[PDB]
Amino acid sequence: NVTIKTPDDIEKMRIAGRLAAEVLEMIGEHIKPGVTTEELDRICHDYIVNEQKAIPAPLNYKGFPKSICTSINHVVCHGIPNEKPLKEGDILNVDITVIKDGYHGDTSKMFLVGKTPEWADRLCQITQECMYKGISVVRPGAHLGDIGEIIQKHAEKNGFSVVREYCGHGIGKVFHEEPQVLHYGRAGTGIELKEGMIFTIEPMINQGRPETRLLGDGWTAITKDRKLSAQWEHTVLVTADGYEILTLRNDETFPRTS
């Protein structure tokens, strides 16, 4: 079973989505060479807890030890904030999930630290475009495989591959619910969407091969071939006749709704 949110649920999911988005709008100005990922963690934690009157969902979730994930360069996802400083040339994913009165909002973005290689800007830009294209096919009657196909085409046309062993997910009063949202596949397949469903689209897109590999800490996934990997995430509501992005930021120019 996949849950269908009620209009009061939906109203609380917007509040949580907007706060998650705000963490990312806030954090931007602290992102520069020499800031450590655990300093970023601490800043986002304090903001969420003290200013938004909310809770960071990753903290202690299945043992995860921090409030945010910070994934740099060849790391695909789930990087643990630590004492390493950011370096000129790094690309950085900051993945935020906020819980507000029980409702979750989940989003992430890429940051380019200083002078980055040019393959890297474009990897980040195309990955963001993939997410947006997945979002744009969302409507009642669409199938989950439409999201995957349109993401996969756009990645592969640009010489990149789609990560297969991590995916998006339903979200609500629970952080991870059904369905699993694959970022590759075949249009018209998988389950059919319905108004009131909420789920994330969070493609991870690699510069080389798609395979990944888990590090010692059991969290941090990296690209097997050690090339770069980028991710962007939004929380998406299926509306009556399209989509609403619950986690849209004010820097973004993509439409909040269809």
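So that there is no doubt, residue numbering starts at 1 and follows the sequence shown.
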Legend entry - Mean Cα B-factor comparison, 193-201 or 213-221, giving the higher one as deposited: 213-221
Legend entry - Stretch exceeding the other in mean C-alpha B-factor - 75-83, 116-124: 116-124
Inset, instruction - Pick out which of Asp106, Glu129, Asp90, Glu165 has the highest C-alpha B-factor in the PDB entry. - result: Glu165
Legend entry - Given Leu144, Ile151, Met110, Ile96, the residue at which the Cα B factor reaches its maximum: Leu144
Legend entry - Third of chain Cα B-factors occupied by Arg18: middle
Inset, instruction - Can you work out whether the C-alpha temperature factor of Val137 puts it in the lowest, middle or highest third of the chain? - result: highest
Legend entry - B-factor third for the C-alpha atom of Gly170 within its chain: lowest
Inset, instruction - Sort the modelled residues of this chain by their C-alpha B factor and say whether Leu248 lands in the lowest, middle or highest third. - result: middle
Inset, instruction - Sorting the chain's modelled residues by C-alpha B-factor, tell me whether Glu29 ends up in the lowest, middle or highest third. - result: highest
